[PDB]
Ligand SMILES: [Zn+2]
């Protein structure tokens, strides 16, 4: 099976920093009884104001982003990326 | 599975490995080599090799936590690599001499440039 992608509102211009912070958080909790259950975070080059979080359940996203200041306006609601649009998240175009 | 040392230490002078797409600062590639490729690339302790094997031109990042249980890692062809931060697309090409050496050792080189060009 395959997880879904969820959008999470993020302080504008802090998307890359926040994705990296969540990487550290995941590693920090990996040998605890409260591990992060998310699978990845994507911060595409030109996206502003949100990040994408990969997880099987929305609740896993909420649990991972709790306490993360840059994501506070994305804590109560995350929107699922429609399955047909999941590769557009990872699309890069060069003119 | 993941090591804190792998994570970019800051946002300045980030580079992406041309072989695996891992993103770290230049000083971290110098200090520790590439977490995935260094047995083959051997850039640890050699800034010149870092400049040859990594690129400052990349697009997007992915904090890859569970490469073994991710759709993203499959699309990006990083599912066999270590947890870490990876570029969505990397601009550049490994030098011909390194590609030839990789091939002689049983490592294929497929471009990490995923960009749709025009
Ligand atoms: Zn590498």
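Think of each number as a place in line: the chain as shown, counted from 1.
Using the three backbone atoms N, Cα and C, a Cβ is placed for every residue, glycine included.
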Which range, B:3-41, B:42-80, does Swiss-Prot list as region 'Interaction with SUPT5H'? B:3-41
For the zinc finger (B:17-37), the distant same-chain contacts (Cβ-Cβ under 8 Å, at least six residues beyond its ends) come to 3, 5-10, 43-47, 50, 53-55, 58, 61, 76, 78, 81-82, 84-87, 90, 92-94, 102, 109, 112
Quick one, of the recorded positions B:3, B:17, B:20, B:34, B:37, which Cβ has the fewest other Cβ within 10 Å? B:3
Name them in sequence order: residues not among B:17, B:20, B:34, B:37 whose Cβ is within 8 Å of the mean position of the Cβ atoms defining the Zn(2+) site. B:18, B:19, B:21, B:22, B:35, B:36, B:38, B:41, B:53, B:54
Reduced DSSP assignment, residue B:20 (Zn(2+) binding site): coil
Tell me the Cα distance separating residue B:3 (N-acetylalanine) from residue B:37 (Zn(2+) binding site), rounded to the nearest angstrom. 15
